[PDB]
Amino acid sequence: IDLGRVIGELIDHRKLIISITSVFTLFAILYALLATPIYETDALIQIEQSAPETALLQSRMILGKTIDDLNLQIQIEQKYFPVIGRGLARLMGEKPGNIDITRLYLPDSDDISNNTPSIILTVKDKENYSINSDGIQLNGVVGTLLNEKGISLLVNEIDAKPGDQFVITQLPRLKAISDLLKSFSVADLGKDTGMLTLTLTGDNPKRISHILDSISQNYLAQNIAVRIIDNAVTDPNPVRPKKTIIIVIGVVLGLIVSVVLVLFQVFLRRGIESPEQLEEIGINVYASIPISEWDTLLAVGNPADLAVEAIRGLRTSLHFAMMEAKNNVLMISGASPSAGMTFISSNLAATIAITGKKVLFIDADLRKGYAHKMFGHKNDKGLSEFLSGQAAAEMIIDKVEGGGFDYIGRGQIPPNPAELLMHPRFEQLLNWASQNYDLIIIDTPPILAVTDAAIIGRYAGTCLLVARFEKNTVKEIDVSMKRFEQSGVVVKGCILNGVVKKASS
Amino acid sequence: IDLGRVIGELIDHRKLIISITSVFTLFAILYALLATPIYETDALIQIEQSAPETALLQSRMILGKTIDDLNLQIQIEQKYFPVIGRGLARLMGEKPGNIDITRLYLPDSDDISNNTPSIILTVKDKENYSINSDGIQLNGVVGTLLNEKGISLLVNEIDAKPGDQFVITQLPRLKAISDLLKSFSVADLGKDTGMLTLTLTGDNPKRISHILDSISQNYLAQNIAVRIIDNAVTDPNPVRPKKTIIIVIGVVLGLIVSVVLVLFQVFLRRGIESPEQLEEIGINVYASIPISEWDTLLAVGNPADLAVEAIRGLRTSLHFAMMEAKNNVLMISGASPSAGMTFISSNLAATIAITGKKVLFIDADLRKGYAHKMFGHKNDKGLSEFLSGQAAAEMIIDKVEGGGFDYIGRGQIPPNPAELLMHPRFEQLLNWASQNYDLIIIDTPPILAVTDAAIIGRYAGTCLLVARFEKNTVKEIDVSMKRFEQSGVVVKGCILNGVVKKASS
Amino acid sequence: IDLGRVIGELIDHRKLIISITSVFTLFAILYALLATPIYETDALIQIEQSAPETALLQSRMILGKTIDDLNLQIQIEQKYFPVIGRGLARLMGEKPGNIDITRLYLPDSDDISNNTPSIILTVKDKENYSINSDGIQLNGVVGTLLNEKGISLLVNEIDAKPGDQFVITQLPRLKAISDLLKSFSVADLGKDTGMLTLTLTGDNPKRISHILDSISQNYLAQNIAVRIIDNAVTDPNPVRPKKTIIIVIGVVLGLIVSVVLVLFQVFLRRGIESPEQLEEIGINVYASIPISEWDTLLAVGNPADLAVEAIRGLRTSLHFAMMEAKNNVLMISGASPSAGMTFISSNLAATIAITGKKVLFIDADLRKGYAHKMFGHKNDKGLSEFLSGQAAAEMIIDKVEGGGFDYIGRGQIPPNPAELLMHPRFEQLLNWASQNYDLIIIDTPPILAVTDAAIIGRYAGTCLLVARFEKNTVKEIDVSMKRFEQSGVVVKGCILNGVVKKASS
Ligand SMILES: Nc1ncnc2c1ncn2[C@@H]1O[C@H](COP(=O)(O)OP(=O)(O)O)[C@@H](O)[C@H]1O
Ligand SMILES: Nc1ncnc2c1ncn2[C@@H]1O[C@H](COP(=O)(O)OP(=O)(O)O)[C@@H](O)[C@H]1O
Ligand SMILES: Nc1ncnc2c1ncn2[C@@H]1O[C@H](COP(=O)(O)OP(=O)(O)O)[C@@H](O)[C@H]1O
Ligand SMILES: [Mg+2]
Ligand SMILES: [Mg+2]
Ligand SMILES: [Mg+2]
């Protein structure tokens, strides 16, 4: 391999790479702007050791005393239905509300799994609110305590706009202790000094400072039955999410997945890339027709098309190739269907007729031939009707309107096309036509599908295959040439079709 | 090797890979959803050392005192007959029952092996129950103690639905101590502090907490004749089984075993893959007939079949190959039986007869020939009867009904087929037929099995072998060609049969 | 590869390398001369340990006491609108001013983000000043305190020229402590001694010394409720930016990016470099025309041009190549447009006419031919009008004024150029002209674009291609030669055009 090839492949697939990288970067930006910020508060205490004090601070007694003091077993969560509602509310500048609950007691269903009872509180005004646990609706008022339906609740100082909802959960004490212990860290920072740094992370910058102050005070009171140097304060810059590293990771991930996909697609290509691939085997490529981005003939609708220019190049190439041929019959065929045989044949006939030579076009695709549709037709009396014997040699020839050449349609689809094409009346037709016309072009089905082309090619002076640019492979074209030679038909060469411009070439 | 080949092999064997991986993932999911959950309880004590205390806690004195206190020597197990009954009961939400037994004394058979006596208790109601040890049925009532048949039992507070069964075992004290010590761990967690973490795992989240509390209290009482900071609590999330890692391991195991099986099958393939394998040796492959997924002729029942199209391709190839041959006799043969010789020969005769040429078909498989069954027959007067001399040249020829060609059946199976085929009357028959027909096709047995084909091939102008797609190998076909040439028979080429579409090609 | 090639490439691209390196060095010099200088002050104290004292010095209590003492929470910044205004002011020798503020209290909006209120103070004279916070204009006087609009301010000892502006921010206490702690360092320097080195970096050489003295005094007073050996002094040489290393890094970065760009451009070149590239394939290069840096003929305006000398070399080469040719017709063509076909053909005709031979020039570029513009024209009756039949063979020939040869213009642009060129009247014209002139030169469109050149080349005795020096590639020229040979036209050789002098050759 070489650098030029890889750079060309990257240039060709630029749209895919850009789209994938942009999608990944957009997802990264959305996550980094919608993820909830996490603040960190710190405190510094002095040990008058410090190896067992790390375990004493994280023991369930200290944390449990803190949780009992601060009522951390009442989980209040602002209610947003979607997974991005909270982030959108924060971005729009909306101020989150809060409720001070000093007493909560749910009926404690305590089944096998749901060990955490929860209710939903809807704020109707600054004073009253509605409560629903499992569809049971109740009404409560700030101030006076509520003892109804096995539910006890005391709510103070609602701070939210009316219509807001809050999920109130009474999680078990061990769950609260585990959650507190997950986000709480103790370090020595000197490995020998009495200095201990206590760290607590959480999404509420004031609550975490209060929690760490309570932890420190409880530990201090417990020890004297240690010195608090730095009481806990919260860093106003969140520690998570780290937006810049997230976005950089997203961009690099997009680039690497795009490069992997591009390499995978490049290594899985088998189609023909250039005429030199065919010419390595020993197949003369007589032309390369580009894609015409422009039920009518292109050589007639848009005579100045680039594809028609390539076809004129093919015409002047054939005027020299088709010399010293046994007759004036040219047979266009191919390996696979929808390669361009009818396009090539019809347009070539048009470009050769505009130069003043009489041209006959025969649609010998007795199976899926649509030439009569493209030329303007009387569908009666096609090639089939002549071959089966129910027509004459003069009632099957029609004239293209915007063309300048005659044509013979397929006719009705027969049940035995390959056996009709073997009748000697076909050779009689070709011998008769080879005296009233200057050129005869025959369109045929593929050869890798059926055998009609190989029957027709016996009476053809020149035979050319059509290879589609990306679809067909060199193996298919070689197999087709060999199958034609096995049946006694000499293929003059190939015609690459549907070519497009690639920066890797 | 190259990446395209391996990707193609993976695409071809996709069904096998998917099935194996799905089976493994289903087994992993069943195990991860039916395995009994194992909870873990923890405690934290303070050592006022700690290297000998780990051995003192795990000594048999502390554990034995705990087991005597909590009666851990009475093993009560809920009875489910299958190995998945307990998991199903847990999944369906069924609440396990329990019995508080404060005194159990079994007769203690104490033979060589069964040192653990056991009984089965069936719950009939909230009060009474039935007991069976070795077929001896007894009835007991909660409350009043039972002393019968050398069995002492005191049962309190049955909690289960009627009809439940419980296995009650009186395991030896050392066995109970060993079981307790297997699931009990002590750690320092600081390597220098007085802090010891005690861990106990078990399937009953309350019993393990009680057991660890008893262990801690016994150690504390023993030492003062240490401080308990964190009394034991149980983590409600089970530590085993870890479902996600189990499922990931199952999926990866399925993928690796599937890839290994695929590679093993690929490396053990010897059959013909493409016509190019035969053409490397120098054997002209004249056709490749695909599998016809559609006692009748295919070229007649379904004339538009893909296989009949391939046979028409072979027909037009033969019309050119069979020129400049010494006569109009074609001999289809093969290497191994059930390769397609009769299929190819009969269908080829049909496709050549539909074009208006007189065709004779001869079934020279005098050993296992079934052509007369496929054509509609009068089984008398076949080839055998003519060769042995008990028939004429005109009483053996019959006509295929839906065909269009004549045929000669094998006749009765003779005892000496290879010696009948050497009679000059066979050559007389062929010389006579070569003047009344346009083509003669002869079907023969394989050549690697018997020698009839090599006797017949002396009088055949053209001879073609049939190679089955996956079954035969290049070695078999080369051996067959060489064995034909050794006997003076020139094989024109080969016919690949039963071809299917493979993404690795 | 070899050293000579790389040295030549470096010599050829010297201007690009010099420009890039100079730009990078200029940017580095601008940064190193405009970046604000950062001074460093040091102190040395003695510890009578020293592992916890590093944490005690950086604790928020000591730094907070210092900040409360020195009022470091009032941030005063000199106002320069651009990002280089301060550096320019320092370079021009301007003395920065300062204000001593002993009391500041802003309304403290304290919204979600802007936690730091700020005002702008404009100095009108040595006594009074103007204040604007959010468009609210106020006037204040040094001395008397200001308590207006929720803003309290006390300003003493303004030292600046009138018209200067100062941003006054009241940043939060924790922000001030964090900023102080970011630039403050403590080290032991012996790892065992009581000697501690305290370091403080800042842009004001006196303020940092005062700050470090206050830090040391506060720590000393705190400890005795330690010895100060070296009170803080400021190194007058700034520690940042380090100009020399910055400039060296800039120069080396410029050199490496220039070398990378040069290597990238060299590896992405595909055009023809020397005639030997064409002669490897087997194409005879008959000349190499250099660029003429000098609507007129070069061989006439500047007959002593270097390009005209190369064309005379081509003329004497052709006088030997064009012997034993079937006629006296020469056809200049090419692969891509704007290669030099009309330049080469017209100048060659001029140089061959100055030697006394009758020369005919034909502009057979019926699509974009501008020869009549370059020769002085009567645009009527060109080649088109003759071919279409509406003109005679004598009304189309005109005479070049400063030339010496006749010419035929294209005429009006036709709709069917390629089909006009196929008329036998073109061959009649050439046969008639081949008897009244000594040489006929025909200019043609490219061959990779259209097919006109291949139609004309049938009647041309000699055909030469023109390859542009850097534009065309060897692949294009080979494709053109092969496409000419496919149509029955033998190309004698090639002509390299637009050559320039490269030190890598
Ligand atoms: N270079 C081309 N540019 C534009 N359209 C093309 C080109 N080649 C083929 N086609 C069009 O795509 C369709 C398939 O080609 P067609 O020749 O009709 O199939 P087949 O090769 O089986 O006879 C046709 O409608 C054709 O007009
Ligand atoms: N390409 C094929 N498609 C469908 N059936 C086939 C094909 N080739 C052979 N068979 C069928 O499978 C059976 C075995 O083939 P057969 O020719 O009868 O055996 P043998 O080669 O020994 O004479 C037959 O019943 C045949 O009809
Ligand atoms: N060696 C050259 N020196 C100076 N000018 C040149 C040279 N070669 C071509 N040109 C000029 O650059 C332009 C493009 O060349 P031209 O021959 O007219 O295009 P084309 O090859 O398509 O006919 C012209 O104006 C030509 O005069
Ligand atoms: Mg078609
Ligand atoms: Mg058989
Ligand atoms: Mg030009």
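Residues numbered from 1 in each chain as written, not as in the entry; some residues may be left out. Chains lettered and ligands numbered in written order. Part of a larger assembly, values for the part shown. Heavy atoms only, no water.

Per the deposited record, the coordinates in this entry were obtained by cryo-EM to a resolution of 2.59 Å.

Turning next to the site of ligand 1. Residue and element names in this part refer to chain A. Taken together, 13 residues surround ligand 1, and among them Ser338, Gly340, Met341, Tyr370 and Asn497 come closest. Contact between ligand 1 and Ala339: an oxygen atom at 3.0 Å from a main-chain N or O atom of the residue. Residue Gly340 places a main-chain N or O atom 2.7 Å away from an oxygen atom belonging to ligand 1. Its free accessible area being 560 Å², ligand 1 has 72% of it covered by the protein chains. Where the shell around ligand 1 is concerned, the elements lending two or more residues are α12 (341-353) and β20 (493-499). A total of three residues in the shell around ligand 1 trace back to one element, the largest contributor, which is α12. Of the residues contributing to the shell around ligand 1, the split by class is six nonpolar, six polar and one charged. (Near = heavy atom within 4 Å. Polar contact = N/O pair within 3.5 Å; in protein donor to acceptor, adjacent residues only side chain to side chain. Areas by Shrake-Rupley, 256 points an atom, 1.4 Å probe, with all protein chains shown as cover. Helix = DSSP H or I, 4+ residues; strand = E, 2+ residues; numbered from the N terminus. Nonpolar A, V, L, I, M, F, W, Y, C, P; charged D, E, K, R; others polar.)

This part takes up the interface of chain A and chain C. Contacts between the two partners involve 31 residues from chain A, matched on the other side by 26 residues from chain C. Here chain A and chain C share an interface that buries about 2200 Å² over both sides, 61% of which is from carbon and sulfur atoms. In this structure, the connection of chain A to chain C is made through four salt bridges. A salt bridge links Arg367 of chain C to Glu309 of chain A, with the nearest nitrogen and oxygen atoms 3.7 Å apart. Between the two partners, chain A and chain C, sit seven residue pairs in polar contact. Looking at the side of chain A that touches chain C, the elements with two or more residues in it are α1 (3-12), β1 (38-46), β12 (227-240), β13 (285-290) and α11 (306-321) of chain A. (Contact = heavy atoms within 4.5 Å. Buried area = accessible area lost by both parts, 1.4 Å probe. Salt bridge = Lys/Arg side-chain N within 4 Å of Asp/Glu carboxyl O.)

With that out of the way, let us pick up the site of ligand 3. Residue and element names in this part refer to chain C. The environment of ligand 3 is formed by 14 residues, the closest being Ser338, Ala339, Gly340, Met341 and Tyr370. At 2.7 Å, a backbone N or O of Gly340 approaches an oxygen atom of ligand 3. The separation between an oxygen atom of ligand 3 and a polar side-chain atom of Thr342 is 3.3 Å. Here ligand 3 has 560 Å² of accessible area as a free molecule, and 71% of this is covered by the chains. Secondary-structure elements contributing two or more residues to the shell around ligand 3 are α12 (341-353) and β20 (493-499).

Moving on, we come to the interface of chain B and chain A. Listed per partner, the contact involves 31 residues of chain B and 25 residues of chain A. Roughly 2300 Å² is buried in total at the junction of chain B and chain A, and carbon and sulfur atoms are behind 60% of that figure. The largest contributions to the chain B side of the interface with chain A come from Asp230, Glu309 and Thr316 of chain B, which together make up 20% of the buried area. Where chain B meets chain A, there are four salt bridges.

With that out of the way, let us pick up the packing of α11 of chain A against α12 of chain A. Residues and elements named next belong to chain A. Axis separation between α11 and α12 bottoms out at 10 Å; the angle between their running directions is 75°. Classified by the angle between their axes, α11 and α12 sit roughly perpendicular to one another. Taking contact as the criterion, the partners of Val308, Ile311, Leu314, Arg315 and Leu318 in α11 are, on α12, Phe343, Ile344, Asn347, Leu348, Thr351 and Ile352. (Axes fitted to C-alpha atoms, helices over the stretch in contact; angles between N-to-C directions. Parallel < 35°, antiparallel > 145°, perpendicular 65-115°, else oblique.)

What follows covers the packing of aromatic side chains. In the structure shown here, the tally under the stated rule is 15 aromatic pairs over all chains. Ring centres 4.9 Å apart and planes at 80° place the aromatic pair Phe375 of chain A and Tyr407 of chain A in the edge-to-face group. Taken together, the positions of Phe375 of chain A in helix α13 (residues 371-375) and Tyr407 of chain A in strand β17 (residues 406-408) put the pair 32 residues apart, joining distant regions of the chain. On the numbers, 5.8 Å between centres and 85° between planes, the contact of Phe375 of chain B with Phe405 of chain B is edge-to-face. Taken as a pair, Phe375 of chain B in helix α13 (residues 371-375) and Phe405 of chain B in the loop between β16 (397-399) and β17 (406-408) lie far apart in primary sequence, 30 residues in all. Residue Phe375 of chain B shares its accessibility class with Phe405 of chain B, and that shared class is buried. Taken together, the ring pairs connect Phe361, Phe375, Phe405 and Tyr407 of chain A into an aromatic cluster. In this structure, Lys358 of chain C packs its charged tip against the face of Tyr437 of chain C, placed 4.4 Å from the ring centre. (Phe/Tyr/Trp six-rings, centres within 6.5 Å; stacked < 30°, edge-to-face > 60°. Buried < 20%, exposed > 50% of the residue type's maximum accessible area, 1.4 Å probe, protein only. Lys NZ or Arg CZ within 6 Å of the ring centre and 35° of its normal.)

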